[PDB]
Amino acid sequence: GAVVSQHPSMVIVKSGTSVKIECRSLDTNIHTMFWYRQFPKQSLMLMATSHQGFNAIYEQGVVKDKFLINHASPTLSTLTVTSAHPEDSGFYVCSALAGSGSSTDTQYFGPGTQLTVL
């Protein structure tokens, strides 16, 4: 009841490129996927929350065109970091929650994906 996958598990790209990273969940309902960004030597931080048929709602410091979120199919959410810069290097982790509740409602995490930008 809710496993969440990610793809790739690590990618190394050149400056200025755009990198597409994936969050998968087989079963079943899932009304929100969240995306999180951990910098090296730093904390895991919410970047955005994507409600199921809406555009994602971005946290402070995150811009939609720099970290584009596409919740294309109901089980697949993609994040793409565009115009990649070394400072975007980090672990990117998604996570799902199961409706409805709020608040006092469990979050299932992906395994995470390492981006390194040269």
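For every residue, the number given is its place in the sequence shown, counted from 1.
Once the C-alpha B-factors are averaged per stretch, 14-22 and 94-102 rank with 94-102 first. The mean C-alpha temperature factor is higher for 70-78 when 54-62 and 70-78 are set side by side.
As recorded in the entry, 28 carries the highest CA temperature factor of 49, 89, 83, 28. Per the deposited record, the Cα B-factor of residue 3 falls in the highest third when ranked against the other modelled residues of its chain.
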